[PDB]
Amino acid sequence: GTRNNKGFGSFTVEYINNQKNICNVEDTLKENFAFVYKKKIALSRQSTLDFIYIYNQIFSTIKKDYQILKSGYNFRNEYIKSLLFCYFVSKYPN
RNA sequence: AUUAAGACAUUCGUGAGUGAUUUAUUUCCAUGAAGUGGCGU
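Per the PDB record, this model was obtained through cryo-EM at a reported resolution of 2.81 Å.

Put into structure tokens, the structure is as follows:
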């Protein structure tokens, strides 16, 4: 789908020809990708509004986390420097 | 006046009768409606 790289079209397989699939997500990502990181989302209670409350946190966090590596955060009195910018200052070409 | 004289190889007669330019053949193969955030430090 559109903007798929930010996690908008995630699907998983449940039944293959009426057989329950047991595929560990961690090692499946390990073999296919060079680097894999896991983020612990806040296991807030009232997990009955599964759709909106969880989705809003996850995508706000992704926008938060992605707009840390690329550019920075500039809102209220809270500033995180661009990690990409910090990365290139550290190295030799500066 | 001489084995001679006269005598259309002619009459009638449809190149016609039966016959499907038809049978077989995928306008199909490949292809992300996707990409990116920016400024207010």
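Read on for the rest.
**Digging into the protein's contact with RNA strand B**
Lining the immediate surroundings of RNA strand B are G1, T2, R3, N4, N5, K6, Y66, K70, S71, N74 and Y79. Taking the atoms of RNA strand B that fall within 4 Å of the protein, sugar and phosphate contribute 80% of them. Here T2 contributes a side-chain N or O atom positioned 2.4 Å from a phosphate oxygen of RNA strand B. Note that a phosphate oxygen of RNA strand B is positioned 3.1 Å from one of the side-chain N or O atoms of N74.

**A closer look at the environment of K81**
Position of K81 among the secondary structure elements: in the loop between strand 2 (79–80) and helix 3 (83–90). With relative accessibility at 47%, the residue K81 sits in the partly exposed group. Placed 13 residues apart in sequence, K81 and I68 show a C-alpha to C-alpha distance of 7.1 Å. Beyond its immediate chain neighbours, meaning those up to four positions away, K81 contacts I68 and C86.

Rules and cut-offs
- Residues numbered from 1 in each chain as written, not as in the entry; some residues may be left out.
- Chains lettered and ligands numbered in written order.
- Part of a larger assembly, values for the part shown.
- Heavy atoms only, no water.
- Near = heavy atom within 4 Å.
- Polar contact = N/O pair within 3.5 Å; in protein donor to acceptor, adjacent residues only side chain to side chain.
- Helix = DSSP H or I, 4+ residues; strand = E, 2+ residues; numbered from the N terminus.
- Buried < 20%, exposed > 50% of the residue type's maximum accessible area, 1.4 Å probe, protein only.
- Contact = heavy atoms within 4.5 Å.

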